[PDB]
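Just structure34.txt here, compact mmCIF, C-alpha atoms and all ligand atoms:
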# COMPACT_ATOMS: atom_id res chain seq x y z
CA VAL Z 3 7.06 -76.83 65.08
CA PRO Z 4 8.00 -80.50 65.55
CA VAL Z 5 5.32 -83.17 65.27
CA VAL Z 6 4.99 -86.53 67.01
CA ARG Z 15 -1.40 -90.45 65.51
CA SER Z 16 0.40 -87.20 64.60
CA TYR Z 17 0.42 -84.72 67.48
CA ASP Z 18 2.52 -81.59 67.71
CA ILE Z 19 5.25 -81.40 70.33
CA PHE Z 20 3.26 -79.06 72.59
CA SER Z 21 0.09 -81.16 72.38
CA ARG Z 22 2.00 -84.39 73.01
CA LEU Z 23 3.18 -82.87 76.30
CA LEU Z 24 -0.36 -81.66 77.01
CA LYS Z 25 -1.21 -85.36 77.35
CA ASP Z 26 1.24 -85.42 80.27
CA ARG Z 27 -0.69 -82.47 81.80
CA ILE Z 28 2.14 -80.08 80.87
CA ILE Z 29 1.29 -76.53 79.77
CA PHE Z 30 3.81 -73.94 78.56
CA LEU Z 31 3.64 -70.18 79.13
CA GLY Z 32 6.79 -69.32 77.20
CA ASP Z 33 5.55 -66.06 75.70
CA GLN Z 34 4.24 -62.64 76.68
CA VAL Z 35 1.03 -62.56 78.72
CA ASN Z 36 -1.80 -61.27 76.53
CA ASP Z 37 -5.36 -62.16 75.53
CA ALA Z 38 -4.08 -64.63 72.93
CA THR Z 39 -1.74 -66.62 75.18
CA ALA Z 40 -3.92 -66.34 78.29
CA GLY Z 41 -6.82 -67.66 76.22
CA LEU Z 42 -4.80 -70.76 75.33
CA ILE Z 43 -3.62 -71.23 78.93
CA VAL Z 44 -7.18 -70.94 80.26
CA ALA Z 45 -8.41 -73.35 77.58
CA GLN Z 46 -5.66 -75.83 78.44
CA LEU Z 47 -6.30 -75.44 82.18
CA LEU Z 48 -10.05 -76.03 81.79
CA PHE Z 49 -9.49 -78.98 79.47
CA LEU Z 50 -7.02 -80.74 81.77
CA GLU Z 51 -9.53 -80.35 84.62
CA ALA Z 52 -12.28 -81.98 82.55
CA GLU Z 53 -9.90 -84.86 81.76
CA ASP Z 54 -8.90 -85.43 85.40
CA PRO Z 55 -9.98 -83.00 88.15
CA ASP Z 56 -7.46 -84.40 90.67
CA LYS Z 57 -4.21 -84.96 88.77
CA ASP Z 58 -1.75 -82.08 89.05
CA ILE Z 59 -1.08 -79.51 86.33
CA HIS Z 60 2.50 -78.63 85.40
CA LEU Z 61 2.72 -75.09 84.01
CA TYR Z 62 6.20 -74.14 82.83
CA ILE Z 63 6.68 -70.36 82.90
CA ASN Z 64 9.20 -68.46 80.75
CA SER Z 65 7.45 -65.10 80.45
CA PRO Z 66 8.35 -61.40 80.84
CA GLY Z 67 4.79 -60.55 81.90
CA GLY Z 68 2.32 -58.46 79.94
CA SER Z 69 -1.32 -57.43 80.26
CA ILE Z 70 -2.53 -57.47 83.86
CA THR Z 71 -6.12 -58.41 83.01
CA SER Z 72 -4.90 -61.23 80.77
CA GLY Z 73 -2.75 -62.44 83.66
CA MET Z 74 -5.56 -62.28 86.21
CA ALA Z 75 -7.56 -64.50 83.86
CA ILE Z 76 -4.79 -67.09 84.22
CA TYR Z 77 -4.54 -66.52 87.98
CA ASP Z 78 -8.25 -66.86 88.77
CA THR Z 79 -8.58 -69.92 86.52
CA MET Z 80 -5.67 -71.57 88.35
CA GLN Z 81 -7.51 -71.09 91.65
CA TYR Z 82 -10.94 -71.82 90.14
CA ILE Z 83 -10.07 -75.29 88.82
CA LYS Z 84 -9.92 -78.27 91.17
CA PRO Z 85 -6.46 -79.62 90.16
CA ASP Z 86 -3.36 -78.31 91.87
CA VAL Z 87 -1.45 -76.14 89.40
CA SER Z 88 2.28 -76.64 89.94
CA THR Z 89 4.40 -73.88 88.41
CA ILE Z 90 7.98 -74.36 87.19
CA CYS Z 91 10.12 -71.35 86.31
CA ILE Z 92 12.56 -71.80 83.43
CA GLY Z 93 14.56 -68.91 82.02
CA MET Z 94 12.67 -65.94 83.42
CA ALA Z 95 9.43 -65.11 85.24
CA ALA Z 96 9.02 -61.33 85.51
CA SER Z 97 6.07 -59.13 86.54
CA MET Z 98 2.83 -60.98 85.63
CA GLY Z 99 5.06 -63.96 84.87
CA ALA Z 100 6.45 -63.92 88.41
CA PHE Z 101 2.97 -63.29 89.83
CA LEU Z 102 1.58 -66.41 88.15
CA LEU Z 103 4.68 -68.27 89.37
CA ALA Z 104 3.91 -67.39 93.01
CA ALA Z 105 0.25 -68.29 92.37
CA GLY Z 106 0.83 -72.02 91.99
CA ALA Z 107 -0.19 -74.55 94.61
CA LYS Z 108 1.92 -73.93 97.71
CA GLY Z 109 4.57 -76.62 98.03
CA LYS Z 110 4.70 -77.24 94.26
CA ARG Z 111 6.14 -73.91 93.02
CA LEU Z 112 9.55 -74.69 91.54
CA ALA Z 113 12.30 -72.89 89.65
CA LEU Z 114 15.44 -74.16 87.97
CA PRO Z 115 18.70 -72.86 89.46
CA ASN Z 116 19.53 -70.18 86.86
CA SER Z 117 16.00 -68.87 86.29
CA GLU Z 118 15.44 -65.13 86.72
CA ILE Z 119 12.65 -63.74 88.92
CA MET Z 120 11.54 -60.10 88.88
CA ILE Z 121 8.64 -58.37 90.64
CA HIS Z 122 7.52 -54.76 90.37
CA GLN Z 123 4.45 -52.54 90.57
CA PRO Z 124 1.86 -52.38 87.77
CA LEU Z 125 2.61 -50.53 84.56
CA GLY Z 126 -0.05 -48.57 82.73
CA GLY Z 127 -1.04 -45.32 81.13
CA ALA Z 128 -3.82 -42.81 80.60
CA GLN Z 129 -4.27 -39.98 78.11
CA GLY Z 130 -7.25 -37.69 77.68
CA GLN Z 131 -9.36 -35.44 79.87
CA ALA Z 132 -8.21 -34.87 83.44
CA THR Z 133 -11.39 -36.56 84.69
CA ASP Z 134 -10.65 -39.68 82.63
CA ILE Z 135 -7.02 -39.59 83.80
CA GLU Z 136 -8.17 -39.68 87.42
CA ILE Z 137 -10.59 -42.56 86.73
CA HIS Z 138 -7.75 -44.62 85.26
CA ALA Z 139 -5.24 -43.54 87.91
CA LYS Z 140 -7.52 -44.79 90.70
CA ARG Z 141 -8.10 -48.05 88.81
CA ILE Z 142 -4.40 -48.90 88.51
CA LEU Z 143 -3.91 -47.93 92.17
CA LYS Z 144 -6.57 -50.44 93.24
CA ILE Z 145 -4.95 -53.05 90.98
CA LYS Z 146 -1.58 -52.30 92.60
CA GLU Z 147 -3.03 -52.72 96.10
CA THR Z 148 -4.86 -55.89 95.06
CA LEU Z 149 -1.73 -57.48 93.58
CA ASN Z 150 0.38 -56.53 96.61
CA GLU Z 151 -2.10 -58.05 99.06
CA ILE Z 152 -2.15 -61.23 96.97
CA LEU Z 153 1.65 -61.35 96.77
CA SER Z 154 1.89 -60.89 100.54
CA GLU Z 155 -0.55 -63.72 101.28
CA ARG Z 156 1.21 -66.07 98.83
CA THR Z 157 4.73 -65.31 100.12
CA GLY Z 158 4.01 -64.77 103.82
CA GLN Z 159 5.65 -61.35 103.76
CA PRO Z 160 4.08 -58.36 105.53
CA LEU Z 161 2.08 -56.07 103.27
CA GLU Z 162 4.40 -53.11 103.84
CA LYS Z 163 7.46 -55.16 102.85
CA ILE Z 164 5.88 -56.16 99.53
CA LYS Z 165 5.11 -52.47 98.95
CA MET Z 166 8.72 -51.33 99.43
CA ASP Z 167 10.10 -54.28 97.45
CA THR Z 168 7.93 -53.66 94.35
CA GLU Z 169 8.28 -49.88 93.92
CA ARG Z 170 11.05 -50.49 91.37
CA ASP Z 171 12.29 -53.51 89.43
CA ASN Z 172 13.37 -56.19 91.91
CA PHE Z 173 15.51 -58.95 90.39
CA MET Z 174 16.08 -62.15 92.35
CA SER Z 175 17.87 -65.43 91.83
CA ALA Z 176 16.03 -68.73 92.18
CA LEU Z 177 17.45 -69.15 95.69
CA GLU Z 178 16.48 -65.58 96.61
CA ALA Z 179 12.94 -66.15 95.32
CA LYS Z 180 12.68 -69.23 97.55
CA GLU Z 181 13.76 -67.44 100.73
CA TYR Z 182 11.49 -64.52 99.82
CA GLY Z 183 8.54 -66.90 99.49
CA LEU Z 184 7.83 -66.64 95.76
CA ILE Z 185 8.69 -70.33 95.18
CA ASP Z 186 9.08 -73.42 97.34
CA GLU Z 187 11.91 -75.42 95.73
CA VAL Z 188 14.99 -74.97 93.56
CA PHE Z 189 15.93 -78.23 91.83
CA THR Z 190 18.99 -78.79 89.66
CA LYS Z 191 17.97 -82.37 88.80
CA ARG Z 192 14.81 -84.43 89.28
NA NA H 1 -6.41 -75.04 91.79
Take the structure in the file and give it back as structure tokens.
Ligand code: NA
Amino acid sequence: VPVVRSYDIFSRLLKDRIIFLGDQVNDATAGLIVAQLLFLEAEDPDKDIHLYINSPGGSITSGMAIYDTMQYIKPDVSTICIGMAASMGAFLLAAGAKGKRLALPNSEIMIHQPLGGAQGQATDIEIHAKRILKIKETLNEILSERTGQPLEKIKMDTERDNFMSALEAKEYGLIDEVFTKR
């Protein structure tokens, strides 16, 4: 990792209120994101946050920790998609402050329904099946309110993997802008 009185390259950009989610969503990365989000709020509760997203998704609970923290903190959290934002990556992309959700022209967006599993007694399988169904309905209702789409349309569009271009994600309502240059 490159260094820059001697920061590292990712902490030097943290001074410019830039955070990177360029990895899978899990308890380790989401812990760093939350810690960076909380810290940047304590530094300045009104200056915007710039969260670059290049993530294929991951753990739903880890992602909801990022989501709720983004809404919990005072600063607007602008989200920029580079490369790919899929599943919980795309969800956190659509969760940025409305009007400041960007994506570069060749970035890949993908939304789908939750993934999970359950093995054991039939009773425990039902308990976990109902849990992931509530999570699916919760995420759909949040996606609908953040894109403007009707709830039933989000349902049909997330049953299977749904790949979109940056322009298609803008018209759909997942992002607000598609910039090639500044
Ligand atoms: Na916020």
Worksheet item: Could you name the residues that touch residue 20 of chain Z at 12 Å or less, counting all atoms listed in the file, but leaving out those on the same chain fewer than 4 positions away, as an MDAnalysis selection string?
Response: chainID Z and resid 3:6 16 24:32 42 46 62
Item to complete: Measure the distance from atom CA of residue 58 of chain Z to atom NA of ligand NA 1 (chain H) in Å and round it to one decimal.
Response: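 Distance between the two atoms: 8.9 Å.
Distance check against residue 125 of chain Z using only C-alpha atoms: of Z:69, Z:39, Z:172, Z:150, the minimum falls on Z:69.
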Discussion item. Please compute the atom CA of residue 170 of chain Z-atom CA of residue 120 of chain Z distance, one decimal, in Å.
Written reply: 9.9 Å
Mind dumping a table of every chain Z residue within 9 Å of ligand NA 1 (chain H), with the nearest atom pair and its distance in Å to one decimal, using all atoms listed in the file, sorted by chain and rising number, as JSON lines?
{"residue": "Z:58", "atom": "CA", "partner": "H:NA1", "partner_atom": "NA", "distance": 8.9}
{"residue": "Z:59", "atom": "CA", "partner": "H:NA1", "partner_atom": "NA", "distance": 8.8}
{"residue": "Z:78", "atom": "CA", "partner": "H:NA1", "partner_atom": "NA", "distance": 8.9}
{"residue": "Z:79", "atom": "CA", "partner": "H:NA1", "partner_atom": "NA", "distance": 7.7}
{"residue": "Z:80", "atom": "CA", "partner": "H:NA1", "partner_atom": "NA", "distance": 4.9}
{"residue": "Z:81", "atom": "CA", "partner": "H:NA1", "partner_atom": "NA", "distance": 4.1}
{"residue": "Z:82", "atom": "CA", "partner": "H:NA1", "partner_atom": "NA", "distance": 5.8}
{"residue": "Z:83", "atom": "CA", "partner": "H:NA1", "partner_atom": "NA", "distance": 4.7}
{"residue": "Z:84", "atom": "CA", "partner": "H:NA1", "partner_atom": "NA", "distance": 4.8}
{"residue": "Z:85", "atom": "CA", "partner": "H:NA1", "partner_atom": "NA", "distance": 4.9}
{"residue": "Z:86", "atom": "CA", "partner": "H:NA1", "partner_atom": "NA", "distance": 4.5}
{"residue": "Z:87", "atom": "CA", "partner": "H:NA1", "partner_atom": "NA", "distance": 5.6}
{"residue": "Z:106", "atom": "CA", "partner": "H:NA1", "partner_atom": "NA", "distance": 7.8}
{"residue": "Z:107", "atom": "CA", "partner": "H:NA1", "partner_atom": "NA", "distance": 6.8}
Filtering to C-alpha atoms, could you give me those residues as a PDB file, keeping the file's coordinate frame?
ATOM      1  CA  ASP Z  58      -1.750 -82.080  89.050  1.00  0.00           C
ATOM      2  CA  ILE Z  59      -1.080 -79.510  86.330  1.00  0.00           C
ATOM      3  CA  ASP Z  78      -8.250 -66.860  88.770  1.00  0.00           C
ATOM      4  CA  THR Z  79      -8.580 -69.920  86.520  1.00  0.00           C
ATOM      5  CA  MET Z  80      -5.670 -71.570  88.350  1.00  0.00           C
ATOM      6  CA  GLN Z  81      -7.510 -71.090  91.650  1.00  0.00           C
ATOM      7  CA  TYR Z  82     -10.940 -71.820  90.140  1.00  0.00           C
ATOM      8  CA  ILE Z  83     -10.070 -75.290  88.820  1.00  0.00           C
ATOM      9  CA  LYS Z  84      -9.920 -78.270  91.170  1.00  0.00           C
ATOM     10  CA  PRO Z  85      -6.460 -79.620  90.160  1.00  0.00           C
ATOM     11  CA  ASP Z  86      -3.360 -78.310  91.870  1.00  0.00           C
ATOM     12  CA  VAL Z  87      -1.450 -76.140  89.400  1.00  0.00           C
ATOM     13  CA  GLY Z 106       0.830 -72.020  91.990  1.00  0.00           C
ATOM     14  CA  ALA Z 107      -0.190 -74.550  94.610  1.00  0.00           C
TER      15      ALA Z 107
END
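Omitting segment 153-159 of chain Z and its sequence neighbours fewer than 4 positions away, and counting only C-alpha atoms, the residues within 9 Å are residues 101, 104, 105, 108, 148, 149, 163, 164, 182, 183, 184 and 185 of chain Z.
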For N, CA and C atoms, please extract segment 86-97 of chain Z from the block and return it as a PDB file, in the first residue's frame.
ATOM      1  N   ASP Z  86     -24.634  14.417   4.617  1.00  0.00           N
ATOM      2  CA  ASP Z  86     -25.064  13.742   3.401  1.00  0.00           C
ATOM      3  C   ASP Z  86     -23.969  12.794   2.930  1.00  0.00           C
ATOM      4  N   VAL Z  87     -24.356  11.571   2.590  1.00  0.00           N
ATOM      5  CA  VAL Z  87     -23.421  10.544   2.145  1.00  0.00           C
ATOM      6  C   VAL Z  87     -23.627  10.366   0.647  1.00  0.00           C
ATOM      7  N   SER Z  88     -22.793  11.028  -0.148  1.00  0.00           N
ATOM      8  CA  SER Z  88     -22.815  10.841  -1.591  1.00  0.00           C
ATOM      9  C   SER Z  88     -22.116   9.538  -1.957  1.00  0.00           C
ATOM     10  N   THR Z  89     -22.721   8.786  -2.871  1.00  0.00           N
ATOM     11  CA  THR Z  89     -22.207   7.489  -3.287  1.00  0.00           C
ATOM     12  C   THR Z  89     -21.829   7.541  -4.759  1.00  0.00           C
ATOM     13  N   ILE Z  90     -20.619   7.084  -5.074  1.00  0.00           N
ATOM     14  CA  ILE Z  90     -20.114   7.043  -6.442  1.00  0.00           C
ATOM     15  C   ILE Z  90     -19.810   5.594  -6.784  1.00  0.00           C
ATOM     16  N   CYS Z  91     -20.429   5.091  -7.848  1.00  0.00           N
ATOM     17  CA  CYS Z  91     -20.166   3.739  -8.309  1.00  0.00           C
ATOM     18  C   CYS Z  91     -19.006   3.752  -9.296  1.00  0.00           C
ATOM     19  N   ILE Z  92     -17.986   2.942  -9.014  1.00  0.00           N
ATOM     20  CA  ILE Z  92     -16.903   2.675  -9.950  1.00  0.00           C
ATOM     21  C   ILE Z  92     -16.773   1.166 -10.087  1.00  0.00           C
ATOM     22  N   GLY Z  93     -16.601   0.696 -11.317  1.00  0.00           N
ATOM     23  CA  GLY Z  93     -16.477  -0.728 -11.557  1.00  0.00           C
ATOM     24  C   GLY Z  93     -17.791  -1.479 -11.477  1.00  0.00           C
ATOM     25  N   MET Z  94     -18.221  -1.819 -10.264  1.00  0.00           N
ATOM     26  CA  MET Z  94     -19.424  -2.621 -10.099  1.00  0.00           C
ATOM     27  C   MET Z  94     -20.028  -2.376  -8.722  1.00  0.00           C
ATOM     28  N   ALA Z  95     -21.355  -2.291  -8.678  1.00  0.00           N
ATOM     29  CA  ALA Z  95     -22.115  -2.260  -7.429  1.00  0.00           C
ATOM     30  C   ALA Z  95     -23.259  -3.257  -7.587  1.00  0.00           C
ATOM     31  N   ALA Z  96     -23.125  -4.427  -6.968  1.00  0.00           N
ATOM     32  CA  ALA Z  96     -24.082  -5.512  -7.125  1.00  0.00           C
ATOM     33  C   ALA Z  96     -24.624  -5.935  -5.767  1.00  0.00           C
ATOM     34  N   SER Z  97     -25.916  -6.255  -5.734  1.00  0.00           N
ATOM     35  CA  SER Z  97     -26.614  -6.754  -4.541  1.00  0.00           C
ATOM     36  C   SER Z  97     -26.439  -5.723  -3.429  1.00  0.00           C
TER      37      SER Z  97
END
